[PDB]
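Chains as they are written, first to last, in the deposited numbering: chain A, 11 to 58; chain B, 45 to 141; chain C, 1 to 69; chain D, 803 to 917; chain E, 30 to 333; chain F, 157 to 175; chain G, 27 to 70.
Cβ coordinates follow ideal geometry from the N, Cα and C atoms, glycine included.
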Amino acid sequence: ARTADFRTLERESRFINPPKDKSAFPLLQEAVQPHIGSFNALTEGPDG
Amino acid sequence: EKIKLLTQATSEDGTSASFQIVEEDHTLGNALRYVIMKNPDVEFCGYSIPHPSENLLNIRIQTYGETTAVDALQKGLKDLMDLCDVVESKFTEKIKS
Amino acid sequence: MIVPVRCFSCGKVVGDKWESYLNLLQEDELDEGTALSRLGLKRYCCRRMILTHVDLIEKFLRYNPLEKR
Amino acid sequence: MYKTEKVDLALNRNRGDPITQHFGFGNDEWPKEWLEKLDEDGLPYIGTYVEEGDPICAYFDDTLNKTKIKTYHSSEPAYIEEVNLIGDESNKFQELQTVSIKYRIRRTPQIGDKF
Amino acid sequence: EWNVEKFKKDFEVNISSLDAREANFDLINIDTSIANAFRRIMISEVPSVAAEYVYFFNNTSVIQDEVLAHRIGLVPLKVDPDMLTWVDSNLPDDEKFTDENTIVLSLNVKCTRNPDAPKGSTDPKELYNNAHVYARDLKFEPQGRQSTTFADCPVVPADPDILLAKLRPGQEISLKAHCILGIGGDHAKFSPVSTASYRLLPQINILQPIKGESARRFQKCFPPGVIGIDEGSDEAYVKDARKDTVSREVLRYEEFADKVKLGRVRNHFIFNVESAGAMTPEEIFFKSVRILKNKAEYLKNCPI
Amino acid sequence: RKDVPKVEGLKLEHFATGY
Amino acid sequence: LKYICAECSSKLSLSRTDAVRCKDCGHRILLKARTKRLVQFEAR
Ligand SMILES: [Zn+2]
Ligand SMILES: [Zn+2]
Numbered sequence: 011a012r013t014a015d016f017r018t019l020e021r022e023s024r025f026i027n028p029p030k031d032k033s034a035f036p037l038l039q040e041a042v043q044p045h046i047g048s049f050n051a052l053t054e055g056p057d058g
Numbered sequence: 045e046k047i048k049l050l051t052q053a054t055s056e057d058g059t060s061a062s063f064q065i066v067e068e069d070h071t072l073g074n075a076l077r078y079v080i081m082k083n084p085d086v087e088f089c090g091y092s093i094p095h096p097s098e099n100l101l102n103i104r105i106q107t108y109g110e111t112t113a114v115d116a117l118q119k120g121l122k123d124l125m126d127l128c129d130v131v132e133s134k135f136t137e138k139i140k141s
Numbered sequence: 001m002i003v004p005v006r007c008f009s010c011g012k013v014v015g016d017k018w019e020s021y022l023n024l025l026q027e028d029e030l031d032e033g034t035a036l037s038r039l040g041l042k043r044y045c046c047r048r049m050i051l052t053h054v055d056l057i058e059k060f061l062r063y064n065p066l067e068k069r
Numbered sequence: 803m804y805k806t807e808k809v810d811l812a813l814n815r816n817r818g819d820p821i822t823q824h825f826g827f828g829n830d831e832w833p834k835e836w837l838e839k840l841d842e843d844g845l846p847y848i849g850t851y852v853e854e855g856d857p858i859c860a861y862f863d864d865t866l867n868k869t870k871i872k873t874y875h876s877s878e879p880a881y882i883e884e885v886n887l888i889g890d891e892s893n894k895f896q897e898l899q900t901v902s903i904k905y906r907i908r909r910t911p912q913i914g915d916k917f
Numbered sequence: 030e031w032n033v034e035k036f037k038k039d040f041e042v043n044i045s046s047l048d049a050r051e052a053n054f055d056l057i058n059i060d061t062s063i064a065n066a067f068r069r070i071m072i073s074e075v076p077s078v079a080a081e082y083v084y085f086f087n088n089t090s091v092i093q094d095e096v097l098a099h100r101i102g103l104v105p106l107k108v109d110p111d112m113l114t115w116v117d118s119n120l121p122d123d124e125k126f127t128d129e130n131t132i133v134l135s136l137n138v139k140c141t142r143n144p145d146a147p148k149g150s151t152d153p154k155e156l157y158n159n160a161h162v163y164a165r166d167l168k169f170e171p172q173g174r175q176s177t178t179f180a181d182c183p184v185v186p187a188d189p190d191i192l193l194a195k196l197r198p199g200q201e202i203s204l205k206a207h208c209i210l211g212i213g214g215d216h217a218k219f220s221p222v223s224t225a226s227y228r229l230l231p232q233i234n235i236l237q238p239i240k241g242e243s244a245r246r247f248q249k250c251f252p253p254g255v256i257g258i259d260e261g262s263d264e265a266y267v268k269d270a271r272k273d274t275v276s277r278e279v280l281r282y283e284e285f286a287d288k289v290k291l292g293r294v295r296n297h298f299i300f301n302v303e304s305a306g307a308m309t310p311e312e313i314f315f316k317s318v319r320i321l322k323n324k325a326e327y328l329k330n331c332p333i
Numbered sequence: 157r158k159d160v161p162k163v164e165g166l167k168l169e170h171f172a173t174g175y
Numbered sequence: 027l028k029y030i031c032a033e034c035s036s037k038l039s040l041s042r043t044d045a046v047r048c049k050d051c052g053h054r055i056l057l058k059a060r061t062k063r064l065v066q067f068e069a070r
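Below you can see the structure in the form of structure tokens.
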């Protein structure tokens, strides 16, 4: 089985039509999750 | 102009001389050196590019005497012309065939 | 961002081949090697040029400064 | 390469002080070589080749009664990309004094560059 | 002794294949010096025509103006270079451009959205009008006396299907590119060949007989049409040497590490010239020979 | 640990010039 | 007739004494308009 692949068709599809559902590249957002979560934990979550 | 032999290495009998050529590189130096080396009258040949970023070429021919580097270079150039002509004629004949 | 007119290493024009490559890849189950073979690219210098083009101009065009969005 | 150069003209006016400079050309003496590079309103065009000494933007200064030009500060020949006019977000309206210019320069890979 | 006649007696040309784009011939019993000289003259000094000095009226496209100028100057033009002469330097730039050495390629395009835009349509070929600018859009126009000279010549890009710029509605391009003569050694856009190279004919010296299954695998090392099995005497012989690409898979096996030598004949080149669309490879080689000859002649007749 | 999977169905790409 | 609003993306104009703001959506950012000039390049 091929180890990898140029997902060229998928790349052109995601260039033409960015998803309207949850964004692709989920692991690119857990990377920034520290900063966003830090900011969101001061004005949201338990006790206000 | 394009071709001028250097007086710094020319000899009064003329049997040894060094030529500096503009707007040329291996593409002519190697072929001319081969053709001149085909002359059994000459001893030394070979070409040197002084600096690649400058469009210059040096050819030095040291004969064995009775001749000149000037006439050796002329003979080499004419042999180059004849060689190109025979290549062209053979190519055209094989195109016809 | 957009397909280059000429292959860098050699000069074989690969810029009249991007849409043909995409069509060959999507219409049929043609693998990339087969498509690059059928497209006139047999040396790897040409083959990688169309195997590895991103076409970022699509993402670039979706921000038009002269159209209501 | 893309370079942004703020041309904010509020360098002198301060919180109600009169607008002493307005982008454009007044009824004074200005050589036509400026207009050759400058648009009718005093801002430059888009996609104009700029070097050292070329005007960027001109304006007729009120107090001095003479048009004031601005020059490009770099020894790198450049092309303009955009000229974004800038206002204010307050409900009160003002004149135009801030413009953001983006420049373009061809950074072809020459010998000495790191790959 | 080497003489012109002693070289004409042995030199030969074997044109194995031909085409309007790609040639594959042989030069035999010629020196590597001259073969290399032909190759380099062919790839660099053979003139061709490509747009150099662009003029831009508007470019609202996503593509940078200089990037578009580079792409436009790259594209080959189906123009015989001999139809137009060379351009000047000391002449005023308002007057250097004549009707005998310059080709003008306008390109006016305006992308506009298609009012009958289907639902669910993703492919831009339906949602926009003239969204894609192809090299076919470069439309030659005659100048002055060009009408009665280039009438029969339909000046078009050697590939009309090369993509120039992808647009969006409202965005516009409006330019005029001046084409002139140039050479490859100046800029790579004037090189009239996609490639031009040779390779010496591989030599397979079989020293000891290879018999039985050993010759069967010895054949599988080379490309399929290089080694053959003799009909009667089961052995290995060199069927077609040219078909072989020197990969030295034999040398990876110890049973053939002493039964074969992969030499190479030093005077038998295999050229392969691919035109860039401007001319034909046979004429490219012809002009390479003519350029070398005229170069030697100019050196010869130039006063010392 | 099983070895790296092999890209099967591979054919001969490099043919000499003119071939 | 040489200006483009940012958010509205619709052409507008100024009298050189009028405030910078969109005539439609009240947006004060502007982008300039590339008029048809005569600019030349080098296809290299
Ligand atoms: Zn290539
Ligand atoms: Zn607006």
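*Tell me, to the nearest whole angstrom, how far the beta carbon of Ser-135 of chain E is from that of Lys-107 of chain E; I am working on the premise that it is less than 8 Å.*
Counting from 1 along the fifth sequence, the entry for residue 135 of chain E is found at position 106. Counting from 1 along the fifth sequence, the entry for residue 107 of chain E is found at position 78. Going by Cβ atoms, the distance from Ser-135 of chain E to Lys-107 of chain E rounds to 17 Å, so no, they are not a contact pair.
*asked:* So for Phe-298 of chain E, helix, strand or coil by DSSP?
replied: Residue 298 of chain E sits at position 269 when you count from the first residue of the fifth sequence. In this structure, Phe-298 of chain E counts as strand in the three-state DSSP scheme.
*Cβ of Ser-37 of chain C within 6 Å of any heavy atom in ligand 1?*
To locate residue 37 of chain C, count along the third sequence from 1; it is residue 37. No - ligand 1 has no heavy atom lying nearer than 6 Å to the Cβ of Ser-37 of chain C.
*Grab me the residues of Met-112 of chain E's own chain with a C-beta within less than 8 Å of its C-beta, minus the 5 sequence neighbours each way, in chain order.*
To locate residue 112 of chain E, count along the fifth sequence from 1; it is residue 83. Hits under 8 Å: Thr-178, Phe-179, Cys-182.
*Among the residues of its own chain, which have a CB less than 8 Å from the CB of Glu-129 of chain E, if the five just before and after it don't count?*
Sequence index remark: in the fifth sequence, residue 129 of chain E carries index 100 (1-based). Closer than 8 Å at Cβ, skipping near neighbours: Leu-113, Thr-114, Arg-174.
*Starting from the Cα of residue 357 of chain E, find the closest Cα among E:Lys-322, E:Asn-58, E:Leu-192 and give me that residue.*
The structure shown does not extend to residue 357 of chain E, since chain E is modelled only from 30 to 333, so the question has no answer here.
*Given a limit of 7 Å on CB to CB distance, which residues of the segment 87 to 102 of chain B reach chain E?*
For the segment 87 to 102 of chain B, the set of positions with a beta-carbon nearer than 7 Å to some beta-carbon of chain E is empty.
_Three-state class that DSSP yields for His-875 of chain D in the structure shown_ = What you label residue 875 of chain D is simply residue 73 of the fourth sequence in a count that begins at 1. Note: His-875 of chain D maps to coil in three-state DSSP.
*Cross-chain neighbours of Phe-895 of chain D in chain G, by beta carbon under 8 Å*: The residue given as residue 895 of chain D occupies position 93 in the fourth sequence. Correct list: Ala-45, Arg-47.
*State the CB to CB distance for the pair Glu-303 of chain E and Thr-224 of chain E, rounded to an integer number of angstroms; the pair is presumed to be in contact (CB under 8 Å).*
Within the fifth sequence, numbered from 1, the residue matching residue 303 of chain E stands at position 274. Within the fifth sequence, numbered from 1, the residue matching residue 224 of chain E stands at position 195. The distance from the Cβ of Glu-303 of chain E to that of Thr-224 of chain E is about 5 Å, consistent with a contact at the 8 Å cut-off.
*State yes or no: is the beta carbon of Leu-56 of chain G nearer than 7 Å to at least one beta carbon in chain D?*
As a working mapping, residue 56 of chain G is identified with position 30 in the seventh sequence. For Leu-56 of chain G, a Cβ of chain D is located within less than 7 Å of the residue's own Cβ.
*Quick one, what's near ligand 2 if you take every residue whose CB is closer than 6 Å to any heavy atom, in chain order?*
Those satisfying the condition are, in chain order, G:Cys-31, G:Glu-33, G:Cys-34, G:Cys-48, G:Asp-50, G:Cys-51, G:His-53.
*Check each candidate in A:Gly-55, A:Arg-21, A:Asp-15, A:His-45 and name the one with the smallest Cα separation from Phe-35 of chain A.*
By 1-based counting over the first sequence, the position of residue 35 of chain A is 25. Measuring from the Cα of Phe-35 of chain A, the nearest candidate turns out to be A:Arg-21.
_Residues within the segment 91 to 103 of chain E neighbouring chain G, beta-carbon criterion of under 9 Å_ = Listed by position along the chain: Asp-94, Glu-95, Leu-97, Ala-98, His-99, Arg-100, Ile-101, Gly-102, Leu-103.
*Contained beta strand (DSSP E) runs [length at least 3] in the segment 255 to 291 of chain E, N- to C-terminal order*: The segment 255 to 291 of chain E contains these whole beta strand (DSSP E) runs: 256 to 258, 265 to 267.
_Partners in chain G for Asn-130 of chain E, counting only beta-carbon separations shorter than 9 Å_ = Taking the first residue of the fifth sequence as position 1, residue 130 of chain E is located at position 101. The contacting residues do not exist; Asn-130 of chain E stays about 16 Å from chain G at best.
*Sorry if obvious, but does the Cβ on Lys-17 of chain C come closer than 6 Å to a heavy atom of ligand 1?*
Translated into positions along the third sequence, residue 17 of chain C becomes position 17. False, no ligand heavy atom lies under 6 Å from that Cβ.
_Can you look up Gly-149 of chain E in the DSSP assignment and give me helix, strand or coil?_
Here residue 149 of chain E refers to the residue found at position 120 of the fifth sequence. For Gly-149 of chain E, the secondary structure class from DSSP, reduced to helix, strand or coil, is coil.
_Distance, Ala-113 of chain B Cα to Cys-331 of chain E Cα_ = Numbered from its first residue, the fifth sequence carries residue 331 of chain E at position 302. Numbered from its first residue, the second sequence carries residue 113 of chain B at position 69. Within the model, the alpha-carbon separation for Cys-331 of chain E versus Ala-113 of chain B is close to 16 Å.
*asked:* I'd like to know whether the C-beta of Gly-165 of chain F is nearer than 7 Å to at least one C-beta of chain E.
replied: Numbered from 1 along the sixth sequence, position 9 holds the residue referred to as residue 165 of chain F. Chain E contact via Cβ: absent.
*What do you reckon, is the C-beta of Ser-9 of chain C under 6 Å from a heavy atom of ligand 1?*
Residue mapping note: residue 9 of chain C aligns to position 9 of the third sequence, counting from 1. Within the cutoff, so yes.
*So which residues on chain D does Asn-88 of chain E lean against when the C-beta distance must stay under 8 Å?*
Within the fifth sequence, residue 88 of chain E is the residue found at index 59, counting from 1. Residues of chain D passing the Cβ test: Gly-849.
*When we look at the beta-carbon of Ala-11 of chain A and count the other beta-carbons within 10 Å, is it buried (16 or more) or exposed?*
Taking the first residue of the first sequence as position 1, residue 11 of chain A is located at position 1. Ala-11 of chain A comes out exposed.
*asked:* Less than 6 Å separating the Cβ of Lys-290 of chain E from some heavy atom of ligand 1?
replied: The residue labelled residue 290 of chain E in the question sits at position 261 within the fifth sequence. No - ligand 1 has no heavy atom lying nearer than 6 Å to the Cβ of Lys-290 of chain E.
_Can you find the residues in the same chain that come closer than 7 Å, C-beta to C-beta, to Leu-124 of chain B, ignoring five residues on each side of it along the sequence?_
Within the second sequence, the letter at position 80 stands for residue 124 of chain B. These residues qualify, in order along the chain: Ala-75, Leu-76, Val-79.
_Nearest to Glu-311 of chain E (by Cα), restricted to the options E:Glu-30, E:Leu-193, E:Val-42, E:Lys-38_ = For the purposes of this step, residue 311 of chain E is taken as the residue at position 282 of the fifth sequence. When only C-alpha atoms are compared, the closest one is E:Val-42.
*Within 7 Å (strictly less), CB to CB, does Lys-59 of chain C reach chain A?*
For this step, residue 59 of chain C is matched to residue 59 along the third sequence. So, interface residue.
*Which value, in whole angstroms, describes the spacing of the CA atoms of residue 22 of chain E and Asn-32 of chain E?*
Residue 22 of chain E is absent from the model: chain E starts at 30 and stops at 333.
*Any chain G beta carbon closer than 7 Å to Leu-898 of chain D*: Counted from its first residue, the fourth sequence places residue 898 of chain D at position 96. By the rule that beta-carbons nearer than 7 Å mark a contact, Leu-898 of chain D touches chain G.
*Beta-carbon contacts of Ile-320 of chain E that lie in its chain and below 7 Å, excluding the five residues immediately before and after*: Along the fifth sequence, read from residue 1 onward, the residue named residue 320 of chain E stands at position 291. Answer for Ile-320 of chain E: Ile-70, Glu-74, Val-75, listed in chain order.
*Exposed unless 16 or more other CB atoms sit within 10 angstroms - verdict on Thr-173 of chain F*: Locating residue 173 of chain F in the sixth sequence gives position 17, counting from the first residue. So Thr-173 of chain F counts as buried.
*So is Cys-859 of chain D buried or exposed if we call it buried at 16+ other beta carbons inside 10 Å?*
Counting from one through the fourth sequence, the residue named residue 859 of chain D turns up at place 57. Buried, since its Cβ has 16 or more Cβ neighbours within 10 Å.
*For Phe-54 of chain E, is the classification buried or exposed, using 16 other Cβ atoms within 10 angstroms of its Cβ as the cut-off for buried?*
The residue given as residue 54 of chain E occupies position 25 in the fifth sequence. So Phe-54 of chain E counts as buried.
*Pair every Cβ in the segment 822 to 841 of chain D with every Cβ in the segment 869 to 882 of chain D, then say whether three or more of these pairs are closer than 8 Å.*
A contact exists between the segment 822 to 841 of chain D and the segment 869 to 882 of chain D.
*Consider the Cβ of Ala-113 of chain B: report whether some Cβ of chain E lies at a distance smaller than 7 Å.*
Here residue 113 of chain B corresponds to residue number 69 of the second sequence, with the count starting at 1. For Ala-113 of chain B, the answer is no, since every Cβ of chain E falls outside 7 Å of its Cβ.
*Mind listing the chain E neighbours of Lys-122 of chain B? Cutoff is C-beta to C-beta under 7 Å, in chain order.*
Start at 1 with the first residue of the second sequence, and residue 122 of chain B comes out as number 78. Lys-329, listed in chain order.
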